[PDB]
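Shown next as structure tokens: one chain only, the form deposited in one PDB entry.
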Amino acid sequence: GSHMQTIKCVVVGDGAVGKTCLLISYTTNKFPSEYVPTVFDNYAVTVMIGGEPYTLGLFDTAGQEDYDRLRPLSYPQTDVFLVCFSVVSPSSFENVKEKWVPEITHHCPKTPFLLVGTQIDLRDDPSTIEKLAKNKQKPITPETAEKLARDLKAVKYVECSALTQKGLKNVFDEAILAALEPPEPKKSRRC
């Protein structure tokens, strides 16, 4: 039959937002209890979608300002980006529009991407909501995110919890589908 296609998926976002845990959670199914590395190693997994095998290559990033020069070295040839932000952390959600999207659209023009709401379990949690509603800041909602996503022209908006694995398997399933959709030129040189 046909050759197995590879999908290169790159995950971006600020520090501690959950890029790493989301990846180990997805590839082992077990959330990282004790140990959690700065960066998850480059990894590949066969994923079945619409009846076809796909080698999904996963790429975790070092989102610190110290690595704004190193990080893009993984960007070339990317098929899809996953810009992530914690729901109980507006600081990241903001940085999405400021740093992230421009960084990826700068380096990979016609490359699709999705917005990822990490830690959805915290949308409803004591201690976290505690410090939130205090400093005039409340948890993000699908409606809120979908607005920013469409504004940013993100293929879609998806959310999940690396803790409760709710929506995880789905994030990568949409990641795959998002990467399969044809380019669409829009670069008409004729006049």
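The term rigid core refers to the most C-alpha atoms you can superpose between the two forms while keeping them within 1.5 Å. Numbering starts at 1 and follows the sequence shown.
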property	result
158-166 versus 136-144 - greater average Cα B-factor per the deposited record	136-144
Which of 14-22 and 177-185 has higher mean CA B factor, as the PDB entry lists it	177-185
Out of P76, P109, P90, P102, residue topping the C-alpha B-factor column of the entry	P90
Highest recorded Cα temperature factor - choice among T27, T46, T128, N42	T128
Chain thirds of CA B-factor: placement of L115	middle
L56 by Cα B-factor - lowest, middle or highest third of the modelled chain	lowest
Lowest, middle or highest third - CA B-factor, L70	lowest
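Keep in mind that the form deposited in another entry is not shown, yet the notes after this line are about it.
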item	value
Conformational change between the shown form and the other one, one of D68, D124, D41, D151, C-alpha moving 2 Å or more after core fit	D41
In that other deposited form, shift in Cα separation for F40 relative to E159, 3 Å or more	farther
Change in CA distance between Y157 and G50 in that other deposited form, which is 3 Å or more, as closer or farther	farther
